[PDB]
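*Asks:* Right, I'll just put the structure down here and ask away after.
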Amino acid sequence: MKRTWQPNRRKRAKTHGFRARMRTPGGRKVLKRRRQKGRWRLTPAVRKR
Amino acid sequence: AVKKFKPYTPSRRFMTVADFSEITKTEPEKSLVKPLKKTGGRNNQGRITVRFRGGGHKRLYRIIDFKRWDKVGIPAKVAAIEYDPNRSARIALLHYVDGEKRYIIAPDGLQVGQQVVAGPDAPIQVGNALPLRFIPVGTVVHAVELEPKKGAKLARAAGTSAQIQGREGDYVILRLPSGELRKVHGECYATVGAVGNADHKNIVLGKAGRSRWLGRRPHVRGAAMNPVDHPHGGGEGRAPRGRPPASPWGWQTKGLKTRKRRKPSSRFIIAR
RNA sequence: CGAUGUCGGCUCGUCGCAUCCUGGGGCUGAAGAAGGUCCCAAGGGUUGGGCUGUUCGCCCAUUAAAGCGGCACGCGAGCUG
RNA sequence: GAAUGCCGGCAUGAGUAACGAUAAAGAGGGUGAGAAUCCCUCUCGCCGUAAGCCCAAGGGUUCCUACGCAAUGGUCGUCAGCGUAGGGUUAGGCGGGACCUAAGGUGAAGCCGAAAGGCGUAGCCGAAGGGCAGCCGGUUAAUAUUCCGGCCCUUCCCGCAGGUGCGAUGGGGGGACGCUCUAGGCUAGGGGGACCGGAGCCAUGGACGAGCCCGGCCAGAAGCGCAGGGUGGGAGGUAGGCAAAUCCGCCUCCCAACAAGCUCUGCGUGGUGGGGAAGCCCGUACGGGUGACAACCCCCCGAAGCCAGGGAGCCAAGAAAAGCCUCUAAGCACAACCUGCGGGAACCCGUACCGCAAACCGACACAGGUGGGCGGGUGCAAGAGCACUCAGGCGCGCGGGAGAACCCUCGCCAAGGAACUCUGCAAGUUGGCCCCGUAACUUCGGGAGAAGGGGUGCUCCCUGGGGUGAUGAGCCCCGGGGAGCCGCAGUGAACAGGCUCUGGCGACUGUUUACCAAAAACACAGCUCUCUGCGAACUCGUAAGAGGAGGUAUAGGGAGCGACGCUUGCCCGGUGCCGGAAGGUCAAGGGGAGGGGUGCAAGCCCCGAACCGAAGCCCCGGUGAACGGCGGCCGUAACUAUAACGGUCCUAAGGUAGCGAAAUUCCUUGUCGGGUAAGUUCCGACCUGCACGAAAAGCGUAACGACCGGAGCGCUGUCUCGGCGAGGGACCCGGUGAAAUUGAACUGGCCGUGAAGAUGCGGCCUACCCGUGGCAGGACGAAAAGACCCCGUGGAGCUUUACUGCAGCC
RNA sequence: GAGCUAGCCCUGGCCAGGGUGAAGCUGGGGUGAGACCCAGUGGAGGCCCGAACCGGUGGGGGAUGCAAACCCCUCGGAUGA
RNA sequence: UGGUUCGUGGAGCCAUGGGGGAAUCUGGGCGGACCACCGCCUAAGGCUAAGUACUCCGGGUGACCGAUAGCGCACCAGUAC
RNA sequence: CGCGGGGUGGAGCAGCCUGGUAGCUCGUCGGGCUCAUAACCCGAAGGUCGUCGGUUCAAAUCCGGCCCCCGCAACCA
RNA sequence: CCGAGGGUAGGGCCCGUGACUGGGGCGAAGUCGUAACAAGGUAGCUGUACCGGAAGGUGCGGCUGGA
RNA sequence: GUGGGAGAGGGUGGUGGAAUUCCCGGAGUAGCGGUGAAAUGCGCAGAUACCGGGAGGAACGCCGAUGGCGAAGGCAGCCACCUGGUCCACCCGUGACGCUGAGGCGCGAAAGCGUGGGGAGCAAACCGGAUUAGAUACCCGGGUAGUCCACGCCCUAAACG
Ligand SMILES: NC[C@@H]1O[C@H](O[C@H]2[C@@H](O)[C@H](O[C@@H]3[C@@H](O)[C@H](N)C[C@H](N)[C@H]3O[C@H]3O[C@H](CO)[C@@H](O)[C@H](O)[C@H]3N)O[C@@H]2CO)[C@H](N)[C@@H](O)[C@@H]1O
Ligand SMILES: [Mg+2]
Ligand SMILES: [Mg+2]
Ligand SMILES: [Mg+2]
Ligand SMILES: [Mg+2]
Ligand SMILES: [Mg+2]
Ligand SMILES: [Mg+2]
Ligand SMILES: [Mg+2]
Ligand SMILES: [Mg+2]
Ligand SMILES: [Mg+2]
Ligand SMILES: [Mg+2]
Ligand SMILES: [Mg+2]
Ligand SMILES: [Mg+2]
Ligand SMILES: [Mg+2]
Ligand SMILES: [Mg+2]
Ligand SMILES: [Mg+2]
Ligand SMILES: [Mg+2]
Ligand SMILES: [Mg+2]
Ligand SMILES: [Mg+2]
Ligand SMILES: [Mg+2]
Ligand SMILES: [Mg+2]
Ligand SMILES: [Mg+2]
Ligand SMILES: [Mg+2]
Ligand SMILES: [Mg+2]
Ligand SMILES: [Mg+2]
Ligand SMILES: [Mg+2]
Ligand SMILES: [Mg+2]
Ligand SMILES: [Mg+2]
Ligand SMILES: [Mg+2]
Ligand SMILES: [Mg+2]
Ligand SMILES: [Mg+2]
Ligand SMILES: [Mg+2]
Ligand SMILES: [Mg+2]
Ligand SMILES: [Mg+2]
Ligand SMILES: [Mg+2]
Ligand SMILES: [Mg+2]
Ligand SMILES: [Mg+2]
Ligand SMILES: [Mg+2]
Ligand SMILES: [Mg+2]
Ligand SMILES: [Mg+2]
Ligand SMILES: [Mg+2]
Ligand SMILES: [Mg+2]
Ligand SMILES: [Mg+2]
Ligand SMILES: [Mg+2]
Ligand SMILES: [Mg+2]
Ligand SMILES: [Mg+2]
Ligand SMILES: [Mg+2]
Ligand SMILES: [Mg+2]
Ligand SMILES: [Mg+2]
Ligand SMILES: [Mg+2]
Ligand SMILES: [Mg+2]
Ligand SMILES: [Mg+2]
Ligand SMILES: [Mg+2]
Ligand SMILES: [Mg+2]
Ligand SMILES: [Mg+2]
Ligand SMILES: [Mg+2]
Ligand SMILES: [Mg+2]
Ligand SMILES: [Mg+2]
Ligand SMILES: [Mg+2]
Ligand SMILES: [Mg+2]
Ligand SMILES: [Mg+2]
Ligand SMILES: [Mg+2]
Ligand SMILES: [Mg+2]
Ligand SMILES: [Mg+2]
Ligand SMILES: [Mg+2]
Ligand SMILES: [Mg+2]
Ligand SMILES: [Mg+2]
Ligand SMILES: [Mg+2]
Ligand SMILES: [Mg+2]
Ligand SMILES: [Mg+2]
Ligand SMILES: [Mg+2]
Ligand SMILES: [Mg+2]
Ligand SMILES: [Mg+2]
Ligand SMILES: [Mg+2]
Ligand SMILES: [Mg+2]
Ligand SMILES: [Mg+2]
Ligand SMILES: [Mg+2]
Ligand SMILES: [Mg+2]
Ligand SMILES: [Mg+2]
Ligand SMILES: [Mg+2]
Ligand SMILES: [Mg+2]
Ligand SMILES: [Mg+2]
Ligand SMILES: [Mg+2]
Ligand SMILES: [Mg+2]
Ligand SMILES: [Mg+2]
Ligand SMILES: [Mg+2]
Ligand SMILES: [Mg+2]
Ligand SMILES: [Mg+2]
Ligand SMILES: [Mg+2]
Ligand SMILES: [Mg+2]
Ligand SMILES: [Mg+2]
Ligand SMILES: [Mg+2]
Ligand SMILES: [Mg+2]
Ligand SMILES: [Mg+2]
Ligand SMILES: [Mg+2]
Ligand SMILES: [Mg+2]
Ligand SMILES: [Mg+2]
Ligand SMILES: [Mg+2]
Ligand SMILES: [Mg+2]
Ligand SMILES: [Mg+2]
Ligand SMILES: [Mg+2]
Ligand SMILES: [Mg+2]
Ligand SMILES: [Mg+2]
Ligand SMILES: [Mg+2]
Ligand SMILES: [Mg+2]
Ligand SMILES: [Mg+2]
Ligand SMILES: [Mg+2]
Ligand SMILES: [Mg+2]
Ligand SMILES: [Mg+2]
Ligand SMILES: [Mg+2]
Ligand SMILES: [Mg+2]
Ligand SMILES: [Mg+2]
Ligand SMILES: [Mg+2]
Ligand SMILES: [Mg+2]
Ligand SMILES: [Mg+2]
Ligand SMILES: [Mg+2]
Ligand SMILES: [Mg+2]
Ligand SMILES: [Mg+2]
Ligand SMILES: [Mg+2]
Ligand SMILES: [Mg+2]
Ligand SMILES: [Mg+2]
Ligand SMILES: [Mg+2]
Ligand SMILES: [Mg+2]
Ligand SMILES: [Mg+2]
Ligand SMILES: [Mg+2]
Ligand SMILES: [Mg+2]
Ligand SMILES: [Mg+2]
Ligand SMILES: [Mg+2]
Ligand SMILES: [Mg+2]
Ligand SMILES: [Mg+2]
Ligand SMILES: [Mg+2]
Ligand SMILES: [Mg+2]
Ligand SMILES: [Mg+2]
Ligand SMILES: [Mg+2]
Ligand SMILES: [Mg+2]
Ligand SMILES: [Mg+2]
Ligand SMILES: [Mg+2]
Ligand SMILES: [Mg+2]
Ligand SMILES: [Mg+2]
Ligand SMILES: [Mg+2]
Ligand SMILES: [Mg+2]
Ligand SMILES: [Mg+2]
Ligand SMILES: [Mg+2]
Ligand SMILES: [Mg+2]
Ligand SMILES: [Mg+2]
Ligand SMILES: [Mg+2]
Ligand SMILES: [Mg+2]
Ligand SMILES: [Mg+2]
Ligand SMILES: [Mg+2]
Ligand SMILES: [Mg+2]
Ligand SMILES: [Mg+2]
Ligand SMILES: [Mg+2]
Ligand SMILES: [Mg+2]
Ligand SMILES: [Mg+2]
Ligand SMILES: [Mg+2]
Ligand SMILES: [Mg+2]
Ligand SMILES: [Mg+2]
Ligand SMILES: [Mg+2]
Ligand SMILES: [Mg+2]
Ligand SMILES: [Mg+2]
Ligand SMILES: [Mg+2]
Ligand SMILES: [Mg+2]
Ligand SMILES: [Mg+2]
Ligand SMILES: [Mg+2]
Ligand SMILES: [Mg+2]
């Protein structure tokens, strides 16, 4: 059947990107938490040009 | 007149379509004056706030003239009468000698080629606009302003009118389509005649689809729902209500008057 | 009750006898034929259909007869639903 | 030592089930330490509106080459999408960006919000939408519309030359638009050819023949030709297009009414460039050479594509902005702008490969899911259907034998034809097309493919219409009539309704529980009620604001009923709602009669009765397509029976019409009648309606239904009652090799007994040790800390005249 | 968190081939004019058969599956809500 | 209304959203309703070290662990997945 | 089986809970009106209060046991 | 070839019969009520509509077969 | 044909006053309505009666007749438009052109049906209050369809002279 993962580079970027997270206090805290944690990747790596 | 069909299909046996014979050879509209992009959307910034809206034909807005006092004294020739997707009535395309082209909402009896004009001057004829004062008591009228210089707001639906009843210092009394008795300021413009397309009420949609074409989504009964959804939801195999009938939001829907009492508008109203 | 799947049907049977039939027998208000009733006896047999989920039952057409009951109202790691 | 304990390790089931579509394989020869599995050739099979080819998304090195085989591959592996290394992705014209706007997003001004933040015209961002200049070949092992060859374009910038008032983010024009049906002329693509080109080929009885086989094109500027799209020309007057216009618009006169003229596309033609089979020889993993100076021509079919803003019709009335044309303003007119020709300038990102899939989403090389374009031939009425088959791609990454039961899938059957069973569930008959021919009923359309029939192949003869061609041949479509031929059978294979009668429910097409319900449930046009006068009602939000609506009573919200037909009776006592400037009660407040605490007092500070005081309630009226409700007990007719009639009690009023043992009837298989040999069902009646009933509508209704019930016809393996056959497993061998489960086990029956159902206790009976294929009675067999039930002062969802608050409104 | 799912908004795309034959238009007829009736043309429809496609009706298989919803035969819609 | 031990209590004091609304030392607040007396302070402007909290970071010590312990990580761990 | 409501002149109903008096309508009877009957008018008659028990000074009335009558209930399995 | 006739399939008409139901006719002395004929005690009759155990009533308009 | 005449003959538009009912304002009290008699009903929440204003609908007093017009059904305030029939004078024209009329077609009171509108008075049904033995009637108080309009059906009558 159709499963739940339907990859889209634009969606992933607009949805979970560094700039989206930065836009709101909710998201800014996510970066803070991930930084303090020592996460190698703050936001998902969306590729291609 | 109303177009009628034979039952060559079920739902074609009741279905019924407007007569478009008053639609003069001018079916597609007029750029310049209108159209605008019209912005379909069944809801506010976010959430739906009027249920069951959506779908249905794309539209172009015809930006019509609801304040006729710009062109006081300037007459215009009625050039055409065309279909307007965004109202019950039809619209008149008129050419002002000025050059300017406006649409007026098209009254019953309006003929193409006719002369029409607005102002204190203005022969009392179908199509003309006047401040309510100079209009003879008892004449039927439409596109009436509520307060002066604020635009036509009463009687624009197809086949509607108001009748002038009497006067009272600065106000003339109106009898509105609903039957209400209203004091409306003398200085309010209103155009003589009834609205026309009066056979609009006689049309039978005929099937579900037609409803959808006009963007009317299926309306579901409270009875059909559940207690979470509606006062009428549940219980077992059908149910008669079990309380005084209500809206989904709990207010009673048979009888409960809802106009606020202390409206300052009150001292200008005399009926139902 | 940290689970003994619960009606009926089907499938496969098997057992008890307080025996429906067949074998044996006494009494009979047993002429004979056919019955009645009790005793011995389970080796074998104990049909097909209509209605009903039905068990049962009521019919239909037959029959030597169309037996009662037990096996977790036998049998769902065998089927059905 | 126990916690269905936690982490780890190793057992058991077990050499067991399985090894992922039943599209299928065989052989010869290579390589190699080692071949069913790798390369090659020959034969065979499968796809072919794909299982072929091309884009997009996603993926990200998987592409190409060399060397490798521990692991990954469900077996093997010399192989690989695997490991090591090296290479490979070339653009002014393709896509995206230094262009534009959509929904939405962001957002200066502005508004709002305890903070965070929320709105928000202009603007900005935002694209498979608009705008926009490259086509055809050749090369690499791996890229090419990117490199190269030919031919052809676009922007800039700077020059010369010739024109004109030039000139804006500003005005106007355009861009610019629906759905169905569509004409004319074209291309794509396809079929035919006695014509042209071509290696070859006569087989096995015959054929050296207009014999077979293969192939007969592609691109292409200017100029032409054929189609076709767009479009009037003057002159006046001018107050509108938010300054200004000569522009547009509006009025008025003249000339056109035409595509005549101007453009602008498409298609043919074109200087030129290029391609070019079968077969044979070769050595590749594959391509190369020859065939060749290849030929490259005539017919016919023909689009859904092109001309495109074509045309007609209809109602539900069908984006925006820039580029582009023009108009003028500030300014500038030694500028500038248009046209022609030269020269120079032309950046950024993508480009590999996969792509209906072993490279994407499903933990897997997973029988699943995944958007757009091409998708040849023949036959079957047509077609993207179905059978075969081009091109091209595959044989699905375990095999080999065997020929048990049993299962899956499939084929056939004597005689009977539903006796099967909950039910004709399943399976069968039926089936395409042409022509006969069709009932009740009906909303006049339908019911209709009703039903029921007949025709269907091939051969020869006569003969009628068109289409393309000149009015003709051919070629291509449709027809008619006449003889005859063969077979069990002519839509000879594949695709292709079983039919009728009668009830229930719903009018109808639609929708729904994604993953057990597709329905009689939801929806539906339509009907009635009720709110709403516009800063509407209502809804979301603390607000600002937004929806409603750029609407305005023929409109918008809420509620029910649910096409249509005939209709929807009585009760307003209670509850609801609606209406009542009386009254009663009613809070803060007002008012202070009156009294209190301190003070030597002036004073300060306390309570506090009258009385004036809202809505709400009470009270008075209305209202049922508002919530709801719509009786009992006796008696009576000149045979009995029964009760039109009467008495009485109570109610707010005592169910009318119509229906009724019903999706409603407990007693119940009610009682009659019909179908049947037989009928708890079914149909028609009666009414004794436990417990129908009129918009939670009542009684009907043509038509419709993967709904539900009953009957018959037809037909059958459903059954009597099975039998045989096929293939995929099951079984034996070689290779890889799990699982839940498991206190340990050296794990028999009977009658007992034991917490009451014993392999384990007693007595007795039976019984040599170990397996393999099978069957499921048992191990209260596995699986889930029972769903039902109860319990816990456990939890949630829901309700209301439970309590208490809150939003909201008064 | 709406890359599954529900609804809506903006912008694109798809729907072979067959049947049935509404209005209207045209001629003829009828009348005083009409209505109306005959053809012929016309090509409408939440119309019909049927692919793609969108579904998921009945039965079987599958049940440590190919698959945490699948496969086989069958079946509903397929110009529209 | 909040704060205080103070939950309306005889309910003060300190803050305040709403209404009314003074005075400048013979002026004002307070000592738990209030009043008298006796006393204590001088509101409606601001600043102000140190003593006090914490431990990312360095150092020291341990009747603290010793690779299922000790930080999740003694090991290229907030990694693989 | 459980529950709660009911038996009163000839008919239908009141009278009970706050024990002492049994009342209403109809019917029946006698008379009057009418030629006659009904209607109407004047008079009258009429009740072991389902049975059994005792509580009281006293039971239709209060409390128990039976008896018919009516209505409700019988649910999860 | 046609063809009596048989077979199958579906229609049309007529007659017979059917639980039950509809109204009707007729039958000396059963029930209820009083509609009509006299101004029949509400003039009557009428087409229509609604309601009612029944004759019948009432609404609307009409007629003289009444003042 | 020329020339005139009477008319409630027909359709469409427009308009006038009297009266009824509801609303508002003034003034005003203790009852008003109603019948055979009453009661229901209305009224100190200010009725009835009177005055002033407003709205709305239907029907047209006097003229009016025992009259006129029409083929009937039927037609009645006034105005205008459009239109049918008809009668007289003159005897000018045509010149037998006539009468009736199965069927067809049209018209056809009232009540009734559909869609929409309108709704003041009246009023089936319906609810009350009296009357009666009972009253589903007659009388009284209310009251919905309908009565009115547009369009479309219905085709009946003591459509009677
Ligand atoms: N009579 C002809 C028609 O039928 C009916 O008439 C029938 C009945 O109504 C009528 O019944 C009458 C009754 O009306 C009258 N008031 C009392 C009488 N005793 C009855 O009598 C009837 O029944 C008895 C048996 O009991 C028979 O013997 C007698 O012949 C018969 N007429 O008897 C008639 C039978 O012939 C209609 N009512 C009448 O108006 C109508 O025109
Ligand atoms: Mg919002
Ligand atoms: Mg937002
Ligand atoms: Mg309507
Ligand atoms: Mg609904
Ligand atoms: Mg529900
Ligand atoms: Mg709720
Ligand atoms: Mg129910
Ligand atoms: Mg109820
Ligand atoms: Mg409810
Ligand atoms: Mg248990
Ligand atoms: Mg256990
Ligand atoms: Mg178990
Ligand atoms: Mg014995
Ligand atoms: Mg004997
Ligand atoms: Mg059965
Ligand atoms: Mg037995
Ligand atoms: Mg038992
Ligand atoms: Mg049993
Ligand atoms: Mg059992
Ligand atoms: Mg078992
Ligand atoms: Mg079941
Ligand atoms: Mg222990
Ligand atoms: Mg373990
Ligand atoms: Mg085993
Ligand atoms: Mg095995
Ligand atoms: Mg195996
Ligand atoms: Mg495989
Ligand atoms: Mg095959
Ligand atoms: Mg070798
Ligand atoms: Mg094949
Ligand atoms: Mg790699
Ligand atoms: Mg490779
Ligand atoms: Mg190699
Ligand atoms: Mg291997
Ligand atoms: Mg090797
Ligand atoms: Mg590699
Ligand atoms: Mg640049
Ligand atoms: Mg940009
Ligand atoms: Mg924002
Ligand atoms: Mg915006
Ligand atoms: Mg932009
Ligand atoms: Mg584009
Ligand atoms: Mg481009
Ligand atoms: Mg490649
Ligand atoms: Mg090049
Ligand atoms: Mg210029
Ligand atoms: Mg512009
Ligand atoms: Mg070509
Ligand atoms: Mg030979
Ligand atoms: Mg060819
Ligand atoms: Mg200007
Ligand atoms: Mg070649
Ligand atoms: Mg066009
Ligand atoms: Mg712009
Ligand atoms: Mg590339
Ligand atoms: Mg590529
Ligand atoms: Mg594809
Ligand atoms: Mg692949
Ligand atoms: Mg594989
Ligand atoms: Mg796959
Ligand atoms: Mg995969
Ligand atoms: Mg797909
Ligand atoms: Mg094709
Ligand atoms: Mg093909
Ligand atoms: Mg073909
Ligand atoms: Mg075909
Ligand atoms: Mg195919
Ligand atoms: Mg057989
Ligand atoms: Mg046979
Ligand atoms: Mg048969
Ligand atoms: Mg049977
Ligand atoms: Mg049986
Ligand atoms: Mg059946
Ligand atoms: Mg079947
Ligand atoms: Mg039928
Ligand atoms: Mg034959
Ligand atoms: Mg349905
Ligand atoms: Mg489901
Ligand atoms: Mg299902
Ligand atoms: Mg269905
Ligand atoms: Mg309806
Ligand atoms: Mg708004
Ligand atoms: Mg709006
Ligand atoms: Mg319903
Ligand atoms: Mg009702
Ligand atoms: Mg009530
Ligand atoms: Mg009430
Ligand atoms: Mg009331
Ligand atoms: Mg009130
Ligand atoms: Mg007070
Ligand atoms: Mg009050
Ligand atoms: Mg009734
Ligand atoms: Mg019955
Ligand atoms: Mg029977
Ligand atoms: Mg049968
Ligand atoms: Mg029978
Ligand atoms: Mg029945
Ligand atoms: Mg019901
Ligand atoms: Mg109802
Ligand atoms: Mg219904
Ligand atoms: Mg029914
Ligand atoms: Mg039906
Ligand atoms: Mg359906
Ligand atoms: Mg269905
Ligand atoms: Mg079989
Ligand atoms: Mg077999
Ligand atoms: Mg086999
Ligand atoms: Mg093996
Ligand atoms: Mg266990
Ligand atoms: Mg042993
Ligand atoms: Mg035992
Ligand atoms: Mg032992
Ligand atoms: Mg033992
Ligand atoms: Mg074994
Ligand atoms: Mg077993
Ligand atoms: Mg087994
Ligand atoms: Mg078991
Ligand atoms: Mg438990
Ligand atoms: Mg408790
Ligand atoms: Mg979505
Ligand atoms: Mg089609
Ligand atoms: Mg036609
Ligand atoms: Mg069609
Ligand atoms: Mg369709
Ligand atoms: Mg396609
Ligand atoms: Mg679905
Ligand atoms: Mg299925
Ligand atoms: Mg199974
Ligand atoms: Mg299908
Ligand atoms: Mg269909
Ligand atoms: Mg279909
Ligand atoms: Mg506090
Ligand atoms: Mg304050
Ligand atoms: Mg203070
Ligand atoms: Mg103080
Ligand atoms: Mg102090
Ligand atoms: Mg103190
Ligand atoms: Mg102090
Ligand atoms: Mg240690
Ligand atoms: Mg550790
Ligand atoms: Mg260690
Ligand atoms: Mg750890
Ligand atoms: Mg007497
Ligand atoms: Mg339960
Ligand atoms: Mg329960
Ligand atoms: Mg008969
Ligand atoms: Mg009478
Ligand atoms: Mg009489
Ligand atoms: Mg009378
Ligand atoms: Mg009458
Ligand atoms: Mg009456
Ligand atoms: Mg007579
Ligand atoms: Mg007054
Ligand atoms: Mg005249
Ligand atoms: Mg003469
Ligand atoms: Mg003559
Ligand atoms: Mg005549
Ligand atoms: Mg009539
Ligand atoms: Mg009438
Ligand atoms: Mg009616
Ligand atoms: Mg009407
Ligand atoms: Mg009245
Ligand atoms: Mg009355
Ligand atoms: Mg007469």
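Here's how to read the names in the structure tokens: chain A, B, ... by the order shown, residue numbers from 1 in each chain, ligand numbers from 1 in the order shown.
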Neighbouring residues of ligand 87 are defined here as those with any atom at most 12 Å from a ligand atom, counting only C-alpha atoms (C1' of nucleotides) and all ligand atoms; list them as JSON, numbers by chain.
*Replies:* {"D": [570, 571, 572, 573, 574, 575, 576, 623, 624, 626, 627, 628, 629, 630, 652, 653]}
*Asks:* Mind running chain B against chain D at 7 Å and telling me each contacting residue's nearest atom pair with the distance in Å (one decimal), counting only C-alpha atoms (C1' of nucleotides), chain and number ascending, as CSV?
*Replies:*
```
residue,atom,partner,partner_atom,distance
B:6,CA,D:445,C1',7.0
B:7,CA,D:445,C1',5.0
B:8,CA,D:445,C1',4.7
B:10,CA,D:508,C1',6.3
B:37,CA,D:319,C1',6.7
B:43,CA,D:547,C1',4.9
B:44,CA,D:547,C1',4.4
B:45,CA,D:546,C1',6.0
B:47,CA,D:540,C1',6.6
B:49,CA,D:539,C1',4.5
B:50,CA,D:539,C1',6.2
B:57,CA,D:316,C1',6.0
B:58,CA,D:318,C1',6.1
B:59,CA,D:318,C1',6.6
B:85,CA,D:317,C1',6.3
B:96,CA,D:250,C1',6.8
B:97,CA,D:250,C1',5.2
B:98,CA,D:240,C1',4.9
B:99,CA,D:250,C1',3.8
B:100,CA,D:240,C1',4.5
B:153,CA,D:552,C1',5.7
B:154,CA,D:552,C1',5.6
B:155,CA,D:552,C1',6.6
B:156,CA,D:552,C1',6.7
B:157,CA,D:555,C1',6.6
B:158,CA,D:554,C1',5.6
B:159,CA,D:554,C1',6.2
B:177,CA,D:553,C1',5.8
B:178,CA,D:553,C1',5.0
B:198,CA,D:554,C1',6.8
B:200,CA,D:554,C1',5.9
B:201,CA,D:554,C1',4.8
B:205,CA,D:525,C1',6.3
B:206,CA,D:525,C1',4.8
B:207,CA,D:525,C1',4.3
B:208,CA,D:524,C1',5.3
B:213,CA,D:316,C1',5.3
B:214,CA,D:316,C1',6.7
B:218,CA,D:523,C1',6.7
B:227,CA,D:798,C1',6.8
B:238,CA,D:696,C1',5.7
B:239,CA,D:696,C1',4.8
B:240,CA,D:696,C1',4.0
B:242,CA,D:627,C1',6.6
B:243,CA,D:627,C1',5.7
B:244,CA,D:627,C1',5.6
B:245,CA,D:559,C1',6.4
B:246,CA,D:559,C1',6.8
B:247,CA,D:558,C1',5.5
B:253,CA,D:558,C1',5.3
B:254,CA,D:530,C1',4.5
B:255,CA,D:577,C1',5.3
B:256,CA,D:577,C1',6.2
B:257,CA,D:531,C1',6.2
B:258,CA,D:531,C1',6.5
```
*Asks:* For chain F against chain A, which residues fall within 12 Å using only C-alpha atoms (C1' of nucleotides), given as a list in words?
*Replies:*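 Result: residues 56, 72, 77, 78 and 79 of chain F.
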*Asks:* So which residues are near ligand 121, meaning at most 10 Å away with only C-alpha atoms (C1' of nucleotides) and all ligand atoms counted, given back as an MDAnalysis selection string?
*Replies:* chainID E and resid 2:7
*Asks:* Can you tell me which residues surround residue 10 in chain C at a distance of at most 12 Å, considering only C-alpha atoms (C1' of nucleotides), apart from same-chain residues fewer than 3 positions away, and format the answer as a PDB file with C-alpha atoms (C1' of nucleotides), in the first residue's frame?
*Replies:*
```pdb
ATOM      1  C1'   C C  75     -16.197 -34.474  18.586  1.00  0.00           C
ATOM      2  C1'   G C  76     -14.086 -26.128  16.242  1.00  0.00           C
ATOM      3  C1'   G C  78     -11.218 -31.885  12.454  1.00  0.00           C
ATOM      4  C1'   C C  79     -14.802 -28.503   9.281  1.00  0.00           C
ATOM      5  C1'   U C  80     -18.873 -25.113   9.525  1.00  0.00           C
TER       6        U C  80
ATOM      7  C1'   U D 421     -27.181 -26.248   2.747  1.00  0.00           C
TER       8        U D 421
END
```
*Asks:* If I take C1' of residue 37 in chain E and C1' of residue 103 in chain I, how far is one from the other in Å, to one decimal?
*Replies:*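 Taking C1' of residue 37 in chain E as the start and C1' of residue 103 in chain I as the end point, the length is 19.3 Å.
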*Asks:* Could you go through chain A and tell me which residues DSSP, when run on the backbone, assigns to helix (DSSP H, G or I), listing them as a PyMOL selection string?
*Replies:* chain A and resi 9-16+18-23+25-37
*Asks:* Chain E residues within 12 Å of chain B, counting only C-alpha atoms (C1' of nucleotides): which ones, as a ChimeraX atom specification?
*Replies:* /E:7-10,20-23,44-48,80-81
*Asks:* Any residue with an atom at most 8 Å from ligand 131 counts, using only C-alpha atoms (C1' of nucleotides) and all ligand atoms. Which are they? Put them as a list in words.
*Replies:*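 Going residue by residue within 8 Å of ligand 131, we get residues 48, 49, 77 and 78 of chain E.
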*Asks:* As a quick test: using only C-alpha atoms (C1' of nucleotides) and all ligand atoms, which residues lie no more than 9 Å away from ligand 160? Give them as a PyMOL selection string.
*Replies:* (chain H and resi 60) or (chain I and resi 109-112+147)
*Asks:* For ligand 84, which residue among B:252, B:114, B:197, B:86 is the nearest when counting only C-alpha atoms and all ligand atoms?
*Replies:*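 Of all the options, B:86 lies closest to ligand 84.
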